[PDB]
Amino acid sequence: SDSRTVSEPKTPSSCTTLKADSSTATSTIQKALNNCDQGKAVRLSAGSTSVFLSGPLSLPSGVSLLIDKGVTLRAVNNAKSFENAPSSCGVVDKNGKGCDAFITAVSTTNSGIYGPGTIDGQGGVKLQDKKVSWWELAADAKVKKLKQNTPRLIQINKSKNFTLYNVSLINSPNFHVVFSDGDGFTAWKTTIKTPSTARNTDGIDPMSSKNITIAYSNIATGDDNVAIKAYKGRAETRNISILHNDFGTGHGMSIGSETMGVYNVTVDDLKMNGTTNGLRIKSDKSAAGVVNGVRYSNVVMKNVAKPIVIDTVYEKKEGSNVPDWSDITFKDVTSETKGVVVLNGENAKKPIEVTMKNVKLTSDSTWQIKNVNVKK
């Protein structure tokens, strides 16, 4: 659980109010963000249109963005607009870091993004610049075994007490929300909706960060609904609360594949419908590390193919990293439809010990166990 006391966010008062028209809004919004009083927000309201069309924006420390009901902040469908180097974006190669995110918050304290407007990434729209859309680059990347360069919606780095509240995030070209190398992130009443077939669209991913709360939110996307990660040479990921949520399509409430120190994760009251994986802890030989103190409770799943997944050899990658996963508990977890539980502890020195209290799976469900002991 998050070590902070976290209560429902309050929306900041506006410093400036902008009205949408048919012109490109990037510099108009950036200028407003650059002269906004600490603790206030730039407010995006309707004008002649209700859509603010923009390229990359930077969110200053202590400043927030407020998007009105019915208003959309939409990412331009242009690869050159998001590049960080000549021709680095909207291509498939050995990079993967060729595009800036739509909204980036670097070294911020008390910054935030508020709705109930929408942020639309236009992931599935043909680019003005290329023959394909952002999502169409994944097939190519997968089949060619390389990396696509597409923009993330919200990228937060080295920040403190960032807030994401009462807002909708749709059609993200890449991951929707990333909170990296920081401390204090609260996502509350956050709605994420991206097609189940769109690859590389993780919902909310804390990366080597501490003190995270994801509550009263609704996440339906293509890849991981939530993916908790910790990287070698960076901070440990600790103290996380995932409470009172609803997950739709996606790859699950996951931890990994980068598991270099993930501690004290509390998941309670989670409704899942159609997610391909339910509760997951995954890694491989290239990024496995310590995962300790993970507790799942009051989880109800419907139409989830793999309700519980603990896999230490998810993909076959080279490396000598060994998973040291312990103190993992499941309590009051129900799966209403036929599915498979995968428990694989290959590459772990000793059998992974897991506790399952009142875990009810249908009678036609299968358990695939390898080097892991289940205590009841």
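Quick note: numbers on chain A are straight from Swiss-Prot, i.e. 27-402, in order.
Determination method: X-ray crystallography, 1.9 Å.
The backbone N, Cα and C atoms fix where each Cβ goes, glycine too.
For reference, Swiss-Prot has these:
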DISULFID  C41-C62  disulfide bond
DISULFID  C115-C125  disulfide bond
ACT_SITE  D249  active site, proton donor
ACT_SITE  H277  active site
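Features recorded in Swiss-Prot, as mapped to the structure shown.
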| residue | record | Cβ contacts under 8 Å, 6 or more apart |
| --- | --- | --- |
| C41 | disulfide bond | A58, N61, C62, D63, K66, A67, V68, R69, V89 |
| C115 | disulfide bond | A105, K106, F108, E109, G124, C125, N175, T176, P177 |
| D249 | active site, proton donor | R225, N226, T227, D228, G276, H277 |
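Taken residue by residue with DSSP, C125 (disulfide bond) is part of a strand.
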